[PDB]
Structure formats: C-alpha cells, structure tokens
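To start, the structure under review is shown below, and the notes come after it.
Letters A, B, C and D mark the chains as written, and numbering starts fresh at 1 in each.
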Amino acid sequence: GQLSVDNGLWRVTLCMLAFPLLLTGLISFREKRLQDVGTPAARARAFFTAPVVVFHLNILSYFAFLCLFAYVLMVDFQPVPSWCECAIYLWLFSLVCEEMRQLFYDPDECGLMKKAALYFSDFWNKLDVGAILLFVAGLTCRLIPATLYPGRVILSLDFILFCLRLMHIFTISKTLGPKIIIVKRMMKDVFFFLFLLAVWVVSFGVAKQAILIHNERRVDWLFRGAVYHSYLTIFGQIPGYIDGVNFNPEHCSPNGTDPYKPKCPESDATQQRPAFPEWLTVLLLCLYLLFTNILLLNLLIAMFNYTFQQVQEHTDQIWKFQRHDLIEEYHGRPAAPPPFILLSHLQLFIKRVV
Amino acid sequence: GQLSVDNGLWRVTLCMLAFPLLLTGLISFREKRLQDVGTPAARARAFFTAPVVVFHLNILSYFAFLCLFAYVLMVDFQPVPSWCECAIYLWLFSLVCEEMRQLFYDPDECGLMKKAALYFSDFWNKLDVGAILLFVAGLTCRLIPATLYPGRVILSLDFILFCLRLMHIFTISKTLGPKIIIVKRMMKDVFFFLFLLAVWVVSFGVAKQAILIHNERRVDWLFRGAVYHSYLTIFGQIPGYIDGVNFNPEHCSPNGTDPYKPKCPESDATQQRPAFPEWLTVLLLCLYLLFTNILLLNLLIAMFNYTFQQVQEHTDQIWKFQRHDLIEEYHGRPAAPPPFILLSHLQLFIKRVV
Amino acid sequence: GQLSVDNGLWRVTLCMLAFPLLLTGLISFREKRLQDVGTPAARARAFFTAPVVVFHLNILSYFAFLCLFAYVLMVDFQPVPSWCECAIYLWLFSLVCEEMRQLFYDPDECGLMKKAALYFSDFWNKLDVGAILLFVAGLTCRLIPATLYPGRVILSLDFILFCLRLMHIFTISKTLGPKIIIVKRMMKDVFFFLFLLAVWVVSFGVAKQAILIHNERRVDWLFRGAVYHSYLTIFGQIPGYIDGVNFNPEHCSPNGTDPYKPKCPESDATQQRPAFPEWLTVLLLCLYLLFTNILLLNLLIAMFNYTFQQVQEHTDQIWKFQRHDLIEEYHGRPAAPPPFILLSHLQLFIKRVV
Amino acid sequence: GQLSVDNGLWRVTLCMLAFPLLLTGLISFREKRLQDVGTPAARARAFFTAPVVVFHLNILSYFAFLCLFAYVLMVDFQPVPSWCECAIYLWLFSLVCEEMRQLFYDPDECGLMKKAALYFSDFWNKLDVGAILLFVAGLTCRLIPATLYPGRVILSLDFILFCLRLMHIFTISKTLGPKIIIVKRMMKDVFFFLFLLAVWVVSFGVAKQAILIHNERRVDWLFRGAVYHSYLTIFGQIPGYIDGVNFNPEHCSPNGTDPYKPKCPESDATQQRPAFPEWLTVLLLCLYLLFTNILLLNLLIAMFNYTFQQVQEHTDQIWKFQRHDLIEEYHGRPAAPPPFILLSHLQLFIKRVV
C-alpha cells in the first residue's frame, strides 16, 4: 500500500491499537513528503487504506464473531431470541453479504454460470457454503421448540465448521502457505484412511464387549461406556472395562509344578472350562496391542514420506502464483470490517438501485 | 464397461440407490445411440454389467455380511442354532463357494497343483484361508455345549480376521494401492519388531510387579491387574499400581540439613533400610521412561525412513502391472452379489452336471 | 588449552573431582617437560586455565544455582526474606554482572549502540534478558505482602525460563549443535502452528461442554474441569465428562426389529426427541477423533519433512563458523565460577576505578 | 553347514522339535549320497553340526534362562538359597564360562592385552560385562539379610540388563541387522537428549507442585504422587493433581457485563487477590502444553531425519563385512547348549590340564 514495506509486522499491530501511535515517530512511510510533513488526518487515513491493515481488521472482526457466538451458544442459549442471538444473525448476514457481493463485481462480461463453477470448484469456498447451508438449517431447528436440543447439536456443528476455517490465515504467510498447499493434496487420502481406522477400532471394541461379558440387554448403555472407552483407547489406553478386564482370572503359565518350588498356578481354565481365565485376557489384550499402535502408524508415515517427495518442489511456485488474486481482492475490497461494513453495503445497494 | 468413463464415482453410488435415477438425465453414457434413445430396461441392464457396479455390489454385500454377523455374535449368541446363525452359515458358504469356483475356471489346461501353488503363494489368499480354517474350527467349538465360552473366543477371532480383510478395497484405488504394496513389504520386519517390543515391555512389567510388592499368592490376579495396566501403559501411562506406586515413601534428596532453612528429608532409607523409599520409586519410574518411549520409537522411524527410500519408485509400475488381473476377474465374474449369487452357482452346477 | 587434546572428556570430569587425581598418572599432557617433570602446583594451576575446565565449572555452578533456587521456591518460600532467598538474589546478581561485563570489554573503539544491537539481535541473549525482566518484576511482586501468591506464580515462571536455557549446553557439542541450529529455524513456524492447535482444541472443548449439559451457572468451575480434561485429552483421552459422556443414552442402530431375533433398540431419540441419546454421543465423540489425532499430526510431519531438506547441508559449516566466538569468549573469560567470581569482579572494578 | 541352504527356516524350527521329523522326507540335504541313502543316526548328527541349529539351541536356552530366572525372582524369592536360585547361579556361571573361554582360543600368539582391548572396545561386550558386574554385586547384597530388599532391587536391574540383550538376535538377520547398526550410531545422541528431556519435565513438575499448593511438610509423599503423576504425564496426561487442578477456581474471561445477557464471571481474582483462580489454572496448564508435546518431538524427528541420511548407504556393506566373525564363531563353537555345555567345558579343562 502507501506505507513503507520494511516496517515489519508487529508495528502494524501496535500502531493499530493506539491512534496517536501513528502520530508519533514510531512507524515508517515512503515518499518523505508525507512522512516528514505531518498531516495526521491524511496519514491515518492512508494507513487505513493499506490492504495489510484491512486484512488485519477482518481477522480481528472474525475473531470476535467466532468467540462471541461461542459464548452465546455456551451459556446464553435460550428459547426466546436473545439480543445476542439476533446480533450474530445480522453479523453473519453481513458477512455472507460481502461474500456474495464478490460474485457480481466482474468488470468484464463474464459468464454467470462460469464464475459460479469457479466458486463451486474451490475447496475453501466449498467449506464456506457447507457452513452456510448447515447454519440456515440449524436456525429453524432451534426456532422449533420441539427440537431445541437438536437445535443445540446443529449449532454446535456450525461453530466447528467456522473455527476450522481459520487455517486461511496462513495462506498469505511467508512460510506456511506452501504447506497448506501440501495438506490440500493430502486431504484426499487421509479421508480414506480415516475410514479404515474407524471400522478397524470399532471391530476391536465390539470384540472386547462381546467376549468379556454375557449379552447386554441394551446397546444403549453399552455405547455410553464402550464408545467413551473407545474414545479413550483410540490411542491404546483402556480396553473397555475400567472396572478390570477379567471379572475372574484363573490359571497361569505352565508352572507351579516345579519340583523345587512352585511359582504360579497351572490348569486348563481355557478349553475344558469356560474361556474366561487370565489366559484369555492376556491373549485378547495383547492382540489389540499386536496391531493397533503399530500397523496403522507405520502405514501413515509411509504414505506421507512417499507423497511429500512427490510435491516438494513445484509447491513453491504454485503458492507464489496463487498469491496474486488474494492481493487483488483486498486491494479492491471496501475498507470496512463486517460490523461497520453495513453502511458500505448500503452504498453498494445505492449504486445497484441507480 | 459400457458406460462413459468420465462420470466420476459419486454418481455411481447415487444412481445405484435410486432405480429411476438411471432413467433421469443425471448419468452419462457413450455411444449416444443408447444415451439419447432411451430404453430404460436395457440402460439399467447395461449399467448392471459394468464391473465398477458389480464391484460396488460386492463391497456393499460384504459390508452387510460383516456387520450383521457382528450383531449376531454381539447379543444374539445362543446355544441353540438361531435363525441368524444359520443365515451367516449359508452366507459364508456362498462366499467361499465363489472363491473356490475361481480356481477351476481355467480355459486352458493349466496344471492343477500349479494354480494351487499360486493361490497358496498369495499373501491375501493366505489370510483368506486362515479365516476359513479358523471359522470351521470355531463352528464345532460352539456346537459343543461344554465349550460354548471358547466358542465365543474363536468366533470373535474369526470376526477380526474378516474385518482386517477390508484393506482390499484400496488395492484398486487410484492413490492408495501403491502404499498397500509398500506395507506388504513392511509386513515382514514389523512382525519381528513386534516380538522384541512385546518381551521388552513385559520384562518391565514383571520388574515393577516384583519389587514394589512381596510375593503374590496367585499370578492369576496379578495379570488381571498387571496386564490390564500393561495394556494402558503400552504408551507410558500407569506403572502398574493405580493405588499409588510407593506404598510408603521415605527419604529425600540430600537436603533438610541446610543451616539456613531445611527443604526436605534426607536419610539412608535405601541401602541401610528396606529399599522401598521414594528414592527407589524415582529410580524405577525414571528407568521405565529412560527407554520405553524413546529407544523403540526412534528405532522404528529409522527403519521406515530407510526401507521406504528403497522401494519408493518402482512400486508405481508394479501396481500398474497388478491392475490387470483384478480387472479381468470382475469383468468375467457373474453379475450377482453373494445373497443372490446362489442361483448363478446353481447355473454353474447345471453346467457342471451337463 | 595447555593439556593434551586427546584425553577424552570423562577424564576431565573425574580429575575435576579428586584433586590428587591430577597428581596421579591418570591424565595426559603435551610437552612432556611438564608431564614428566611433576610440579603438582603448576600442573593443577595449568589444568585450571583450560577453557574446557572453566566451561565445566560454569555448567556445574549453573546446575547448582538452578536446583537450589528450585528448592527455595519449592518449600522455603516465606514472606520474610529467608537467608536462601538473599543467597540466590546475590547469586543471580553476580551472574548478570558477568553478562553485562562482557558488553564493555571491546578492546577496539566499537560503537556502543552497535554492540547493543548485536546483543539485542541474538535469540539467546533475547531469552536471557526476558528472564531478567521477568525476575526483577517478580521480586517486588513477592515483596508486596498483598500479592504474595502472584509472587509465587511469577517466580515459578522465572524458574522455567532459566531451566529451558540449558539447551545452550549442546551448542558446543560435536554432534548436537547443528541440530540446535535447525530448531532455531523451526522456532518461527512451530510457534504459529502452536496457535492454531490451541484454538482448535478449545473449540472442541467448548463444543462438548455446550451440548452434553445445560447452561452452567459459573464458567469458574467449568474450566477447572474442562481445561484439566483438555490438558488430559490434548492427546485424545477424555472427552470432558469423566463421570460418563452421556448422562442418559438411548436408541440404537437400526436393529431389534429383526424378525428372526432382536439385536438392539431402535427409535428416533434423536430429532423427534431431545438430542441426548447414545447416537449423539457416537456422533460427537467420533467427530473429535475424525480430526484431532490425524489432521494436525500429518500436517506437522509434512512441514518438518519439507523444511529439514531445505537446511540439511549448509547447517554444518554454519555451526563450524559459529564455533569461534564461543571459544574466544571462554579463553579470555576470568577463571572463576559465579560463587567465587565476586573477587574477580572486584578486581575488575579496581581497574575500573583506576 | 552340511544341509542344503534353500530349505527356509521354519523347517529348521519344526524338525528341531520332532526327532523323527528328520527321519521323514520333510527336510532337504545336499549331496544325495546322504539324502537318499538314509542313515538316520548320521543324518541327525550332521543336522546337529549345522551352526544354524546350534545358534537356535542357544537362543532357546537363553530364552529359558531368562524366563526361569524371572519366575524365581518373581515369586520364589526367599532368604534361604532356594534350589532354583542355585540353578540360575550355576547356569549363569556356565554361560560366562563359555564367554571367557572364547578369549583364550587364539590359535596364533596374539597379545593378551590386545584381545582384551578389543573385547573392551565392543559395545555389546561392554553391556555384557556390565550385567556381570551388577549381578555379582547383587548376589552378596541378597546374601546379606539386612539388605534383602536392596537385594531385590539390584537383581531386578540385572534382569533388565539381560532382557535388553536380546537385540542380538537380529544382528544376523537378513533385513534387521543393518538397522541395528544405525541405532548403534544413534545411541550417542539419544542419550544426551534423554538428559535434557528429563530435567525439562521435572522442572515442569516441581513448578506445578510449587504453585498449586502451599508448602508440603514432606517431599517424601510429594514424589510418591508427583513422580507417579510425572510418569503418567510424560506424554501429557495428568498435570499432577488427579483430585482436580484448581482447589478453588474463580473469575472468568472478560464477560458477564454484557448489557444484553451475562455469559460468565469477570473479576480480578488474579493480581489483586491470591493468584489461585481458574485464570492461573488456564495459564499454567496451557503453558505445559505450549512446549511439552511439541518442542521436543519436532526436535527429535529432525535429528533422525538428519542423521539417517548420513549413514543410509554404507551401512549395508558394513553389515555384510561384520557377518564373517559371527559365522566363524559358531562354526567353531562346541555343539552343546549351556545346560549341557558343562561336560564340554570339562573336556576343555581336560585339555587345559594336559
């Protein structure tokens, strides 16, 4: 923008805070006709036109939107539309308004369905509209008094979709963007792996829950314990019986018959008797460990060691190429954050009417 | 197959669901003499001949077989042959029937023991027959009323052997197959490592269980606690005494004699007195940590970093080469999933008789 | 220094312990005019001039400073200035005295602000002065009786800043220094990743704490449980309800209607009824696992696999280049550890006065 | 040896079990003058001369020694020399007897101190004599009735030194040996890292234990809890207060003053009041996470990614070179396992006498 490009970044965040800090001699400009000749009003105004600053105002506004909404859903969730619930309603509206606005700006006569296909082809835009569709469903779900609790679950999912959106910060980074490109490549196969590990672990869970107990009258309470325990032992922790794996251990390795001195029990508790001795416990628990913490781990890191080396170099220039359109966007974007962008959306509608 | 090869894959799964979705204009064909001139009966029929579809019907049938059997073993396990127990009996039979069928199809006069050696040489076929042998043993084990509980343990193991078989899905993948090839290389040495880590951790477990308690009358209850705790601390979590490691701590680092101001105890609780003070606890617990979460981890990732770079390139063309025979198989495979494949097995036997 | 360079290192640490061990024939010298002709007084004196030894005396003194201060803060923390509190006060003073001393030694007429900029440009010096500023604030915070407890928190933070400083040991290592250089490169982006994972997990925490309970009257007790549970499940362990995830499970996968034999419940506990059945529990708990233990892990190891290969080679010579100034420093540094360096600081002030 | 080299390995282990399995046609030979012309006595005898078999007999005997000793120390530990205690005494004696025996076999007139230096230079021999010195100390420690409990701790350490010795198995492996070479390179720096992570985590432990409680009267009970909790949270699990981190949470993020609707508390519980509110808990717990599960992990994997690529290639031929002397050893080694090697040690002493 207007200001000098060698001032670092922390000085932007600090001068953003204290208005007169711009008036002081703690920020740099170029073209000393304005740096030395101090008109604070124009200097602050020009400061506000730098896309770097407008970018940071957006990121701060987004931060506020996210954590405020979180608070409202956290404690202030109430059947009657609270003031804050309407606040985020209009706040989100103003945000999607700007998003949709950038679809019709085309100064040339671009095809309408063409630019739609491009938006619909972008992974990031795809996730954004996913949240929009999910929210607008959750809104009426909350509005219906018979589905308030579902209303909570959908709005909670919406929150998550918004908070994972912050990976966008580093797309303009000096040193992180390229790595975002890489994980964009990985997204495809880490999804598919996710599947197989899911069915993997639940097959182990139900195996445990089947053998170490008789039939349970309800699966309802089973999964309350079993899936919670699954959550915990996703990383090999608790088999599934916190109260102890074997309700009745028995028998021990071939020993105790030592003519010199017994060491431990030794009897067929196993085939001749109900398979519920410590021996079965050893077999089952070691089986889980035989595969869980090893097979899937070496597999993944092999996948990544492979794929990484396939994209390591050209990923650089691709990021550099991508840099353009983002810069063009915020260069031309109106200088107002979403809370105060409404008056600029009114100006746009004024142009839309005339 | 007959249909166009550029329709993606989600459209196959969606058109699979809704019969008239084929009749609608939401799926592509080639040779517009059939795409434009709509005979729905032939269009759906031709759709059903595509090996891509027959593949998906198999994968859905297999999914159902696995989860239904799981349910039956989960809760409906009962001494008297339940209806569902017989259902999976015949369902599995129909599945191994098709498998054995593909051993005798050879249109040329191939040696009988030759094609047997090839089947027996295939790791995947090896695992399949492992499950077959284990199941058929478990069947009679359940049938004997004196070994019902063992019957549960064997059938549970059978289930696991079937569920790990699903890695076969991605052998036809665009981007995962090659990595399956790699782990097929790794299978050899990750097994051998598995051994040494097993004896490693149990040596630590028995060490703990030996020193921090007097002789236990039964190893039976020991392993009920010790091996469960081992399961948990497979990843360095609980030493083995959830009730606290030291039943009686004592003594502290050389301190407390500070002429200025004491800081902590300081006495030989150690050599002169029974080695059961906090000092021994510090020594033992840190010893576990000295090696467990470090030695074996850096070892493995070194192994993989090494071996990966030995197979990284030619693995590609090997997968491409392997692609053929699978495609040939499902091209020629009769178009019926296992539940409904029985009538086609009857047609084959009709040819076998005449 | 004076002594032979091929004696290894353990012999330095052992001869350091036992004064007459120098007098014995268990250490090497060069220039056998002193090795064979034994003047123990000069031999031990010359031994004390070797920067290798002076280095080790510093590292032992630093070790003592750190663990003694820890003890004093551990148990002997008391409102009235204890003897030991004053001991570390003067001990730290003597240490920063030597540090500041090395800023004015310049034998040439170097610019004063220049050498200040160089000190201020050094990451390691930056962390050192961070601790100095934090300590001197904590000192008066403790001194104020109304903020004793804050006094504890600041002094505890100070301790941590000192103990992480010990990575400096290996900067002179044969084989570790170069790797310190690498992580100095990594410091930048592992910080930024730290941010996104922080906001990531807390978004999941508040999501859990929002849906599986009604509004809590106080966030105070929430975070006492929720952030402790967050600490635990930073690595996917406990969702947030150790007392069980679902306070009331209900409904089960589409089953139980099996005309042959029921397997589990099956009812809309979900949309038609308050979204608090086991089905919601399965959805939420698996969602956490869908992303937490996978997305961020493969991301990081991709980042490191990338950046490592960008610095792997020239890092070597850079370390070799850096080696000089450290050697020059301890060569010229006065031969006294901080406890006994005071008399040498007096000699320096004597030169400063005259 | 005598038998054919293409028989695999499982057939060795199976024919080892069943004596007549050698007499059957399920094992291969070369020089069919003996394969076809069956003299079972000579065939089994020749089988017993193959170093491959003698190797396996040693590995089985060693396995038995280790697990039997474990049992004896596990439960049968008793002040009076038990029969089994004397059994392992003589068993170990017979083992070190063979080891020392291989020091004097030199058919040439090799220097006595030379071959001693070579033995003392070998890492593996170094660990072996470490166990010997530790055992022989533990023996008399047990023998003294006043130090029985220390006797337990030393013998338990001895056990560990023996069980980690089994990594020797894979030194003759086809595919693992080379990787053992690599970790032999790593041993140096993983030790040094071990140090810094140790002092790292305990600095965090004492920090926690200092701030979240007043002075404890005894460090004795502190470490019983704190070091056990440290053991658990070595991988970021439990801070140190399983009973809850904050004994009294208070204050909440700047909120609750929302003119629309309160969300949470908001007061200076922090500086103006004793620093023991939830805010301090958030600060401390996140601080632990800021560094523990990230800094040290990316550091290590960087170290290994670096060093691995420095040794990846020549490690191969080094293993191949090393292969010789092991083969020569067991070729010439007398054909008897330690239990039955005694009679062959007698024959050697017979030669030693005459």
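Simple rule for what comes next: a residue touches a chain if its C-beta (ideal position, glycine included) is under 8 Å from a C-beta of that chain, and two chains touch if they have at least 3 such contacts.
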{"item": "Interface residue overlap between copies chain C and chain D, same or different (over half shared)", "value": "different"}
{"item": "Between B-C and A-C, the pair joined by more C-beta contacts", "value": "A-C"}
{"item": "Recurring contact interface, reference A-D, options B-D, B-C or A-B [over half identical by residue number]", "value": "B-C"}
{"item": "Chain centre separation in whole Å, for chain C relative to chain A (CA means)", "value": "29"}
{"item": "Chain B and chain C: spacing of chain centres that average the CA atoms, whole Å", "value": "41"}
{"item": "In chain D, residues with contacts to at least two other chains", "value": "74-76, 193, 219, 235, 237, 255, 263-264, 301, 305"}
{"item": "In the complex, chain A residues that touch chain D", "value": "71-72, 74-76, 78, 82-84, 87, 255, 258, 260-264"}
{"item": "Parts of chain B lying in touch with chain D, wherever the complex brings them together", "value": "188-189, 192-193, 196, 199-200, 203-204, 206-207, 209-211, 215-216, 219, 235-239, 244-246, 249-253, 255, 263-265, 270-272, 274-278, 280-291, 293-295, 298-299, 301-303, 305-306, 309"}
{"item": "Footprint of chain B on chain D - complex, ascending", "value": "70, 73-77, 146-150, 152-153, 156-157, 159-160, 163-164, 166-167, 169-170, 173, 175-176, 178-179, 182-183, 186, 190, 193-194, 198, 218-221, 223-225, 227-228, 230-232, 234-235, 237, 300-301, 304-305, 308, 312"}
